[PDB]
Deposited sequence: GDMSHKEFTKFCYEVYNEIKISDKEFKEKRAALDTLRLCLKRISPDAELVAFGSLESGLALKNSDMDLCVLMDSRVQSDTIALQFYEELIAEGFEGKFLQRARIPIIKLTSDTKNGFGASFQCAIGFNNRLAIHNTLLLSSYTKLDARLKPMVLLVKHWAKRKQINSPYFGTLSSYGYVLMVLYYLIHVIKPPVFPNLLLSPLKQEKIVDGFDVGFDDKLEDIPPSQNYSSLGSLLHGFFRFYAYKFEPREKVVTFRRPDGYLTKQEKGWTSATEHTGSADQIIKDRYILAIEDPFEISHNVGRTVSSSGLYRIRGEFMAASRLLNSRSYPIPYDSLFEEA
């Protein structure tokens, strides 16, 4: 595939600038080690598990850590020890879903800008990280594609779940959906729908998937990174119908209506979590938020569709 050679070269240049460094990666590893030791002072029966982009390898520079304490009230004891240990942070006891947010470190050398969120017994988040991790190990093109889409969403201000747009995880799912169920030949098989997948029930949901990666043959898609991204932008700009359809990993042909799903009355953008199927990852998206997201997909597509010469690829990541 030599169709997008220039754009591809540019994609890999930006990727190398935005990906987390091995140094920052090692630092967050040491932070995790330190926090684990702190938790073991509270209880021998609790474990501290990393999830999210640092664990899957899909992290941008300066990303926050996402951690989960697994057990079986420890939250408050852990919080008190962490601050006694010189971390600074926030915690709301008895909260619906307790969360410790660490915002700084004063004694442990992890920096004044050390950011870490610690949840409790969130086994589902751990399993979707396992799934994302497997896909990143399956195809070398996935990691840069995800980072570039995340970087784009951030720069275009459409990566703000608290402000009516979409979480980073939401964009990752939109990427996987495209690579599995839209692009032909597929970049990836659907690991949940594999005939080798076995059911595994956690928290009332099936988190089973075909995880024996060595038995998965290499992709029959030979598209360059640039071609994959252009295709992804065009699908969500022009083809996907968010008023009617659900991004899903539970259908062999990837086809699912909001009607059938019963997601009709927030469901402005519908993205069904692959394990917690009752959760719409896009429920933070407002009507105005979706209009801006769609607008940005069209602009990205328009830029890349250009038959003119030298294309200003930089504008893809220029702010606003």
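Absent C-alpha positions map to the deposited sequence ranges 1, 74 to 79, 273 to 286, in order along the chain.
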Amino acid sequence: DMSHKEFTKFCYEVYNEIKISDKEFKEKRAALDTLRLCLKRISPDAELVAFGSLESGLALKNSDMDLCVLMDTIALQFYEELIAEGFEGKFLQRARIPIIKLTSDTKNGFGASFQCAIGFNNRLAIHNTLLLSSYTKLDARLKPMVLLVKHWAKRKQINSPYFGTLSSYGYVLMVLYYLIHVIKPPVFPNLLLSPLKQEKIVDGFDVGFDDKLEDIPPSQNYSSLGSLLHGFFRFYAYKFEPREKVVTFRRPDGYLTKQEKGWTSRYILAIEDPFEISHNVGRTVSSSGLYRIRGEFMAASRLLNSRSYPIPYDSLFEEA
From here on, numbers count along this sequence of modelled residues.
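Stretches 20 to 28 and 293 to 301 differ in mean CA B factor, with 20 to 28 having the higher one.
As listed in the deposited structure, the average C-alpha B-factor of 131 to 139 and of 90 to 98 is greater for 90 to 98. For the set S43, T34, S286, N280, the maximum C-alpha B-factor listed in the entry falls on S286. Note on the listed residues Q157, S168, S104, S224: the highest Cα temperature factor in the record is that of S104. In this PDB entry, the Cα temperature factor of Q220 sits in the top third of its chain's modelled residues, the highest group. When the CA B factors of the chain's modelled residues are split into thirds, the value for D273 lands in the lowest one. Ranked by Cα temperature factor within the chain, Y177 sits in the lowest third according to the deposited record. Annotation for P242: CA B-factor lies in the middle third of the chain's modelled residues. For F78, the recorded CA temperature factor ranks within the middle third of the chain's modelled residues.
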